[PDB]
């Protein structure tokens, strides 16, 4: 297929991660944010996938992005130097990498929201979407090497992974 179909990798997950629904749905047992990765790694081309927010209780900062296979699994994505992510609450997002917060953007998530992640190895960049609108500027501009889709979240969030998608501009 022109699109990639994948699920989360149970072998990538922190022990507190709960995978369900053919490894397409994830939550966590802990108040602490924990990581899971996609099973398919990307190193070239352009790839888009989405997360649907099934549950968003209280005001946590789940994170979405890409990571190396050896990213820290027990902390928010982007606390270490092996993930590039957007974290977002009900109000606003930030981008994070190496414990550096950048490009705060107004607008957040709620139950039913969609988060899109556009990983572009030809432009070496990473762009985020919320509800089919670009969230902030291009987040990062030195994308290279092998990356896996990545999520971090805690017990206040559940998300479902949607793959088999083309790039956001594919139609119309």
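Positions refer to the first chain, counted from 1.
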Legend entry - Given 104 to 112 and 124 to 132, the range whose Cα B-factors average higher in the PDB entry: 104 to 112
Legend entry - 27 to 35 set against 137 to 145, stretch whose average Cα temperature factor tops the other in the entry: 137 to 145
Inset, instruction - Taking the values exactly as deposited, rank residue 165 by C-alpha B-factor within its chain and report the matching third: lowest, middle or highest. - result: middle
Legend entry - Third assignment of residue 6 from its chain's C-alpha B-factors: middle
Inset, instruction - Could you tell me which third, lowest, middle or highest, the C-alpha B-factor of residue 72 occupies within its chain? - result: highest
Inset, instruction - Would you check the entry's CA temperature factor for residue 50 and let me know if it's in the chain's lowest, middle or highest third? - result: lowest
